[PDB]
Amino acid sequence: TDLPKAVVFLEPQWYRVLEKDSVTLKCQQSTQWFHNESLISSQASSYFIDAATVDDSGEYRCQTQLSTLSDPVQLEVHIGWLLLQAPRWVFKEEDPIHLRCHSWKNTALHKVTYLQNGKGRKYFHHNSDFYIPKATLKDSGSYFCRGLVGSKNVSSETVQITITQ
């Protein structure tokens, strides 16, 4: 056990997904996959989840022929119209914050708002991602997004963003 630690990467980078999303777990050649500590794939280097379902949630790990068992990655598959995604939830001052208002099956979403602590931060006529170039302390709080799928008004559950000092 005198080797290096392998690392799990996701593509796209969203650790929180909706059902019917595609996910691709990658390990940095005999590559093994672990899901809730049960062995899933014997040799393949990446593990493709084509159409996510709630049972795909949990802990994924991996190892290769010449490397040790990776630190775990928690994947979370949600049920609903809207899921607010970010590369992570803890930012330091001046870091970029990238938020995505993700709809179920990429259904088209018009009149979109991203809210911070109950108040409008950004509106778009057609769905787009929300980029804050330089995080300050003022960006901390609870966020959600919302919009219209056809004439139906839908919104995501809230997510907490902390800015550190």
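The numbering used is simple: start at 1 and walk along the sequence shown.
A chain break between residue 28 and residue 29 is present, corresponding to 4 to 9 residues of the deposited sequence without coordinates.
The PDB entry reports B-factors from which the mean C-alpha value can be compared for 52 to 60 and 123 to 131; the larger average falls on 52 to 60. Per the PDB record, of the two stretches 137 to 145 and 18 to 26, 18 to 26 carries the greater mean B-factor over its C-alpha atoms. Per the PDB entry, 36 shows the highest C-alpha temperature factor of the residues 117, 36, 107, 113. In the deposited entry, the Cα temperature factor of residue 158 places it in the lowest third of its chain's modelled residues.
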